[PDB]
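Encoded as structure tokens, the structure appears first; notes follow it.
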Protein chains: 2
Amino acid sequence: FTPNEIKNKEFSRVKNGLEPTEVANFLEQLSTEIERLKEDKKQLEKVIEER
Amino acid sequence: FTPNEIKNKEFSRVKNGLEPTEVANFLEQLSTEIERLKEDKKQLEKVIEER
């Protein structure tokens, strides 16, 4: 679930489906959250490796 | 982004849009990834606190 995968995530198109841009904007928020949590983990691992 | 916030997010419906179940299933996968990363952080924080 990398940002490039999430940001290039295609879904089947159907009659009466979900608004594509609303979904994309929410997926961007979730990808950003994942990326930030990974950064947070690396910072904690840095604290551990240096102590 | 709690699991229930992600799963309960509503999207408008439009003439031609994204398949709703495909989207729901992908959002569930992203929520799982987020929860796992939060758990990883908590584990690392506990290692640091225990010293």
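Each chain in the structure tokens gets a letter, A, B, ..., in the order shown, and its residues are numbered from 1; ligands are numbered from 1 in order too.
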Write down as a count of residues only the residues of range 7-49 of chain A whose backbone DSSP state falls under strand (DSSP E or B).
6
Please superimpose chain A upon chain B, fitting all C-alpha atoms matched one to one in order, and report the result as a PDB file with C-alpha atoms, in the first residue's frame.
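Below is the file that was written, part_16.pdb:
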```
ATOM      1  CA  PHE A   1      -9.020   8.684  10.395  1.00  0.00           C
ATOM      2  CA  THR A   2     -10.178   6.055  12.854  1.00  0.00           C
ATOM      3  CA  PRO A   3     -11.400   2.647  11.660  1.00  0.00           C
ATOM      4  CA  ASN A   4     -15.008   3.557  12.471  1.00  0.00           C
ATOM      5  CA  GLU A   5     -14.769   6.738  10.376  1.00  0.00           C
ATOM      6  CA  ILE A   6     -13.075   4.962   7.463  1.00  0.00           C
ATOM      7  CA  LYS A   7     -15.442   1.991   7.636  1.00  0.00           C
ATOM      8  CA  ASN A   8     -18.487   4.303   7.746  1.00  0.00           C
ATOM      9  CA  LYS A   9     -17.138   6.665   5.088  1.00  0.00           C
ATOM     10  CA  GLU A  10     -19.931   7.699   2.749  1.00  0.00           C
ATOM     11  CA  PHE A  11     -19.379   9.372  -0.600  1.00  0.00           C
ATOM     12  CA  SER A  12     -21.782  11.134  -2.924  1.00  0.00           C
ATOM     13  CA  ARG A  13     -23.477   8.806  -5.412  1.00  0.00           C
ATOM     14  CA  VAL A  14     -23.235   9.746  -9.088  1.00  0.00           C
ATOM     15  CA  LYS A  15     -24.015   8.229 -12.424  1.00  0.00           C
ATOM     16  CA  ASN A  16     -21.011   6.317 -13.714  1.00  0.00           C
ATOM     17  CA  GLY A  17     -19.165   6.340 -10.383  1.00  0.00           C
ATOM     18  CA  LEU A  18     -16.759   3.911  -8.773  1.00  0.00           C
ATOM     19  CA  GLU A  19     -17.928   0.440  -7.730  1.00  0.00           C
ATOM     20  CA  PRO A  20     -18.893   0.999  -4.055  1.00  0.00           C
ATOM     21  CA  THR A  21     -17.883  -2.425  -2.741  1.00  0.00           C
ATOM     22  CA  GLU A  22     -14.455  -2.376  -4.430  1.00  0.00           C
ATOM     23  CA  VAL A  23     -13.789   0.997  -2.798  1.00  0.00           C
ATOM     24  CA  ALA A  24     -15.016  -0.197   0.601  1.00  0.00           C
ATOM     25  CA  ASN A  25     -12.772  -3.276   0.450  1.00  0.00           C
ATOM     26  CA  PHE A  26      -9.727  -1.137  -0.324  1.00  0.00           C
ATOM     27  CA  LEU A  27     -10.593   1.303   2.463  1.00  0.00           C
ATOM     28  CA  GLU A  28     -10.765  -1.660   4.862  1.00  0.00           C
ATOM     29  CA  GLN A  29      -7.226  -2.654   3.853  1.00  0.00           C
ATOM     30  CA  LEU A  30      -5.961   0.890   4.410  1.00  0.00           C
ATOM     31  CA  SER A  31      -7.693   1.214   7.777  1.00  0.00           C
ATOM     32  CA  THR A  32      -6.135  -2.095   8.854  1.00  0.00           C
ATOM     33  CA  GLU A  33      -2.703  -0.856   7.792  1.00  0.00           C
ATOM     34  CA  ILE A  34      -3.145   2.357   9.798  1.00  0.00           C
ATOM     35  CA  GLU A  35      -4.292   0.414  12.880  1.00  0.00           C
ATOM     36  CA  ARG A  36      -1.290  -1.909  12.623  1.00  0.00           C
ATOM     37  CA  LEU A  37       1.191   0.945  12.257  1.00  0.00           C
ATOM     38  CA  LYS A  38      -0.281   2.523  15.402  1.00  0.00           C
ATOM     39  CA  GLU A  39       0.211  -0.796  17.223  1.00  0.00           C
ATOM     40  CA  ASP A  40       3.796  -0.955  15.947  1.00  0.00           C
ATOM     41  CA  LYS A  41       4.456   2.537  17.322  1.00  0.00           C
ATOM     42  CA  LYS A  42       3.087   1.569  20.734  1.00  0.00           C
ATOM     43  CA  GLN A  43       5.413  -1.448  20.806  1.00  0.00           C
ATOM     44  CA  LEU A  44       8.420   0.742  20.004  1.00  0.00           C
ATOM     45  CA  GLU A  45       7.375   3.258  22.659  1.00  0.00           C
ATOM     46  CA  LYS A  46       7.192   0.351  25.117  1.00  0.00           C
ATOM     47  CA  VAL A  47      10.775  -0.654  24.269  1.00  0.00           C
ATOM     48  CA  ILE A  48      11.864   2.939  24.916  1.00  0.00           C
ATOM     49  CA  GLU A  49       9.948   3.377  28.173  1.00  0.00           C
ATOM     50  CA  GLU A  50      11.383   0.183  29.695  1.00  0.00           C
ATOM     51  CA  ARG A  51      15.037   0.707  28.690  1.00  0.00           C
TER      52      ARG A  51
END
```
DSSP says alpha helix (DSSP H) for which residues of chain A? Put them as a PDB file with N, CA, C and O atoms, in the first residue's frame?
```
ATOM      1  N   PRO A   3       2.230   4.966  -1.433  1.00  0.00           N
ATOM      2  CA  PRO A   3       1.508   6.129  -1.967  1.00  0.00           C
ATOM      3  C   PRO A   3       1.245   6.043  -3.460  1.00  0.00           C
ATOM      4  O   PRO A   3       0.152   6.407  -3.908  1.00  0.00           O
ATOM      5  N   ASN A   4       2.207   5.558  -4.247  1.00  0.00           N
ATOM      6  CA  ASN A   4       1.995   5.487  -5.689  1.00  0.00           C
ATOM      7  C   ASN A   4       0.881   4.505  -6.039  1.00  0.00           C
ATOM      8  O   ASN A   4       0.071   4.771  -6.935  1.00  0.00           O
ATOM      9  N   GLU A   5       0.813   3.369  -5.338  1.00  0.00           N
ATOM     10  CA  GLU A   5      -0.292   2.436  -5.552  1.00  0.00           C
ATOM     11  C   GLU A   5      -1.622   3.071  -5.164  1.00  0.00           C
ATOM     12  O   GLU A   5      -2.594   3.020  -5.926  1.00  0.00           O
ATOM     13  N   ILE A   6      -1.688   3.662  -3.968  1.00  0.00           N
ATOM     14  CA  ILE A   6      -2.948   4.237  -3.500  1.00  0.00           C
ATOM     15  C   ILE A   6      -3.372   5.385  -4.405  1.00  0.00           C
ATOM     16  O   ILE A   6      -4.553   5.527  -4.747  1.00  0.00           O
ATOM     17  N   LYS A   7      -2.416   6.222  -4.808  1.00  0.00           N
ATOM     18  CA  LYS A   7      -2.738   7.386  -5.621  1.00  0.00           C
ATOM     19  C   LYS A   7      -3.079   7.016  -7.057  1.00  0.00           C
ATOM     20  O   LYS A   7      -3.717   7.813  -7.754  1.00  0.00           O
ATOM     21  N   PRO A  20     -15.968   9.821  -8.029  1.00  0.00           N
ATOM     22  CA  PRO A  20     -14.548   9.408  -8.074  1.00  0.00           C
ATOM     23  C   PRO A  20     -13.591  10.367  -7.393  1.00  0.00           C
ATOM     24  O   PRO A  20     -12.603   9.921  -6.785  1.00  0.00           O
ATOM     25  N   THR A  21     -13.853  11.672  -7.473  1.00  0.00           N
ATOM     26  CA  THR A  21     -12.932  12.642  -6.889  1.00  0.00           C
ATOM     27  C   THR A  21     -13.025  12.646  -5.365  1.00  0.00           C
ATOM     28  O   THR A  21     -12.000  12.750  -4.679  1.00  0.00           O
ATOM     29  N   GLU A  22     -14.237  12.522  -4.813  1.00  0.00           N
ATOM     30  CA  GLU A  22     -14.373  12.401  -3.358  1.00  0.00           C
ATOM     31  C   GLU A  22     -13.590  11.202  -2.836  1.00  0.00           C
ATOM     32  O   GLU A  22     -12.893  11.292  -1.812  1.00  0.00           O
ATOM     33  N   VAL A  23     -13.681  10.065  -3.527  1.00  0.00           N
ATOM     34  CA  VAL A  23     -12.934   8.887  -3.098  1.00  0.00           C
ATOM     35  C   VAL A  23     -11.437   9.151  -3.197  1.00  0.00           C
ATOM     36  O   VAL A  23     -10.678   8.871  -2.264  1.00  0.00           O
ATOM     37  N   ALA A  24     -10.982   9.698  -4.321  1.00  0.00           N
ATOM     38  CA  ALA A  24      -9.557   9.967  -4.480  1.00  0.00           C
ATOM     39  C   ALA A  24      -9.044  10.878  -3.374  1.00  0.00           C
ATOM     40  O   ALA A  24      -7.937  10.670  -2.855  1.00  0.00           O
ATOM     41  N   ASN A  25      -9.805  11.915  -3.011  1.00  0.00           N
ATOM     42  CA  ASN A  25      -9.334  12.843  -1.986  1.00  0.00           C
ATOM     43  C   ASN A  25      -9.206  12.148  -0.639  1.00  0.00           C
ATOM     44  O   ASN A  25      -8.273  12.422   0.131  1.00  0.00           O
ATOM     45  N   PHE A  26     -10.136  11.250  -0.324  1.00  0.00           N
ATOM     46  CA  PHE A  26     -10.037  10.501   0.924  1.00  0.00           C
ATOM     47  C   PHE A  26      -8.861   9.530   0.894  1.00  0.00           C
ATOM     48  O   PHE A  26      -8.129   9.391   1.885  1.00  0.00           O
ATOM     49  N   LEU A  27      -8.645   8.865  -0.235  1.00  0.00           N
ATOM     50  CA  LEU A  27      -7.494   7.974  -0.350  1.00  0.00           C
ATOM     51  C   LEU A  27      -6.185   8.733  -0.177  1.00  0.00           C
ATOM     52  O   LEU A  27      -5.235   8.203   0.413  1.00  0.00           O
ATOM     53  N   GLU A  28      -6.112   9.976  -0.669  1.00  0.00           N
ATOM     54  CA  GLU A  28      -4.914  10.784  -0.462  1.00  0.00           C
ATOM     55  C   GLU A  28      -4.679  11.031   1.021  1.00  0.00           C
ATOM     56  O   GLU A  28      -3.541  10.946   1.499  1.00  0.00           O
ATOM     57  N   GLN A  29      -5.740  11.321   1.776  1.00  0.00           N
ATOM     58  CA  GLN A  29      -5.598  11.528   3.213  1.00  0.00           C
ATOM     59  C   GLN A  29      -5.099  10.268   3.904  1.00  0.00           C
ATOM     60  O   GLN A  29      -4.241  10.340   4.789  1.00  0.00           O
ATOM     61  N   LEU A  30      -5.613   9.105   3.505  1.00  0.00           N
ATOM     62  CA  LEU A  30      -5.199   7.860   4.137  1.00  0.00           C
ATOM     63  C   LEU A  30      -3.762   7.515   3.781  1.00  0.00           C
ATOM     64  O   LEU A  30      -2.999   7.057   4.638  1.00  0.00           O
ATOM     65  N   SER A  31      -3.374   7.719   2.525  1.00  0.00           N
ATOM     66  CA  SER A  31      -1.994   7.476   2.131  1.00  0.00           C
ATOM     67  C   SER A  31      -1.048   8.370   2.927  1.00  0.00           C
ATOM     68  O   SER A  31       0.015   7.924   3.377  1.00  0.00           O
ATOM     69  N   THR A  32      -1.411   9.642   3.097  1.00  0.00           N
ATOM     70  CA  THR A  32      -0.582  10.563   3.868  1.00  0.00           C
ATOM     71  C   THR A  32      -0.442  10.081   5.305  1.00  0.00           C
ATOM     72  O   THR A  32       0.654  10.117   5.884  1.00  0.00           O
ATOM     73  N   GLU A  33      -1.538   9.606   5.895  1.00  0.00           N
ATOM     74  CA  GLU A  33      -1.481   9.099   7.259  1.00  0.00           C
ATOM     75  C   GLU A  33      -0.539   7.908   7.358  1.00  0.00           C
ATOM     76  O   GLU A  33       0.287   7.831   8.280  1.00  0.00           O
ATOM     77  N   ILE A  34      -0.635   6.973   6.406  1.00  0.00           N
ATOM     78  CA  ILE A  34       0.261   5.818   6.402  1.00  0.00           C
ATOM     79  C   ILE A  34       1.722   6.265   6.292  1.00  0.00           C
ATOM     80  O   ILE A  34       2.602   5.780   7.022  1.00  0.00           O
ATOM     81  N   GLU A  35       2.008   7.185   5.364  1.00  0.00           N
ATOM     82  CA  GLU A  35       3.381   7.655   5.186  1.00  0.00           C
ATOM     83  C   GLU A  35       3.912   8.280   6.466  1.00  0.00           C
ATOM     84  O   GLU A  35       5.089   8.100   6.817  1.00  0.00           O
ATOM     85  N   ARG A  36       3.077   9.048   7.159  1.00  0.00           N
ATOM     86  CA  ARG A  36       3.499   9.720   8.379  1.00  0.00           C
ATOM     87  C   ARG A  36       3.735   8.727   9.508  1.00  0.00           C
ATOM     88  O   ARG A  36       4.683   8.881  10.286  1.00  0.00           O
ATOM     89  N   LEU A  37       2.893   7.703   9.614  1.00  0.00           N
ATOM     90  CA  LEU A  37       3.114   6.690  10.638  1.00  0.00           C
ATOM     91  C   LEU A  37       4.416   5.942  10.388  1.00  0.00           C
ATOM     92  O   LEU A  37       5.135   5.608  11.337  1.00  0.00           O
ATOM     93  N   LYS A  38       4.753   5.691   9.120  1.00  0.00           N
ATOM     94  CA  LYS A  38       6.029   5.051   8.805  1.00  0.00           C
ATOM     95  C   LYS A  38       7.204   5.942   9.203  1.00  0.00           C
ATOM     96  O   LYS A  38       8.213   5.460   9.734  1.00  0.00           O
ATOM     97  N   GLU A  39       7.082   7.253   8.968  1.00  0.00           N
ATOM     98  CA  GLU A  39       8.106   8.193   9.427  1.00  0.00           C
ATOM     99  C   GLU A  39       8.228   8.172  10.943  1.00  0.00           C
ATOM    100  O   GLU A  39       9.342   8.191  11.484  1.00  0.00           O
ATOM    101  N   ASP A  40       7.090   8.148  11.641  1.00  0.00           N
ATOM    102  CA  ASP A  40       7.102   8.121  13.100  1.00  0.00           C
ATOM    103  C   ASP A  40       7.829   6.880  13.604  1.00  0.00           C
ATOM    104  O   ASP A  40       8.616   6.952  14.562  1.00  0.00           O
ATOM    105  N   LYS A  41       7.583   5.727  12.970  1.00  0.00           N
ATOM    106  CA  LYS A  41       8.275   4.504  13.364  1.00  0.00           C
ATOM    107  C   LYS A  41       9.779   4.637  13.182  1.00  0.00           C
ATOM    108  O   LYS A  41      10.557   4.198  14.036  1.00  0.00           O
ATOM    109  N   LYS A  42      10.209   5.209  12.056  1.00  0.00           N
ATOM    110  CA  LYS A  42      11.640   5.371  11.822  1.00  0.00           C
ATOM    111  C   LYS A  42      12.273   6.270  12.874  1.00  0.00           C
ATOM    112  O   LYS A  42      13.413   6.033  13.292  1.00  0.00           O
ATOM    113  N   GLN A  43      11.558   7.302  13.322  1.00  0.00           N
ATOM    114  CA  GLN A  43      12.086   8.164  14.374  1.00  0.00           C
ATOM    115  C   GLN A  43      12.230   7.402  15.684  1.00  0.00           C
ATOM    116  O   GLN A  43      13.223   7.576  16.403  1.00  0.00           O
ATOM    117  N   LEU A  44      11.257   6.558  16.018  1.00  0.00           N
ATOM    118  CA  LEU A  44      11.350   5.776  17.244  1.00  0.00           C
ATOM    119  C   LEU A  44      12.472   4.752  17.154  1.00  0.00           C
ATOM    120  O   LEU A  44      13.203   4.536  18.130  1.00  0.00           O
ATOM    121  N   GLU A  45      12.638   4.124  15.989  1.00  0.00           N
ATOM    122  CA  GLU A  45      13.744   3.198  15.796  1.00  0.00           C
ATOM    123  C   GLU A  45      15.082   3.912  15.931  1.00  0.00           C
ATOM    124  O   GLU A  45      16.049   3.334  16.451  1.00  0.00           O
ATOM    125  N   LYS A  46      15.154   5.172  15.502  1.00  0.00           N
ATOM    126  CA  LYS A  46      16.377   5.950  15.665  1.00  0.00           C
ATOM    127  C   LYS A  46      16.680   6.196  17.140  1.00  0.00           C
ATOM    128  O   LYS A  46      17.836   6.090  17.568  1.00  0.00           O
ATOM    129  N   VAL A  47      15.659   6.526  17.933  1.00  0.00           N
ATOM    130  CA  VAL A  47      15.857   6.691  19.372  1.00  0.00           C
ATOM    131  C   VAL A  47      16.424   5.414  19.977  1.00  0.00           C
ATOM    132  O   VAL A  47      17.318   5.454  20.835  1.00  0.00           O
ATOM    133  N   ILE A  48      15.907   4.261  19.545  1.00  0.00           N
ATOM    134  CA  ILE A  48      16.331   2.983  20.110  1.00  0.00           C
ATOM    135  C   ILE A  48      17.757   2.658  19.689  1.00  0.00           C
ATOM    136  O   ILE A  48      18.565   2.188  20.499  1.00  0.00           O
ATOM    137  N   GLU A  49      18.091   2.896  18.420  1.00  0.00           N
ATOM    138  CA  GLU A  49      19.405   2.509  17.921  1.00  0.00           C
ATOM    139  C   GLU A  49      20.516   3.345  18.543  1.00  0.00           C
ATOM    140  O   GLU A  49      21.649   2.867  18.670  1.00  0.00           O
ATOM    141  N   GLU A  50      20.222   4.586  18.933  1.00  0.00           N
ATOM    142  CA  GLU A  50      21.242   5.464  19.492  1.00  0.00           C
ATOM    143  C   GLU A  50      21.386   5.354  21.004  1.00  0.00           C
ATOM    144  O   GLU A  50      22.432   5.742  21.537  1.00  0.00           O
TER     145      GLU A  50
END
```
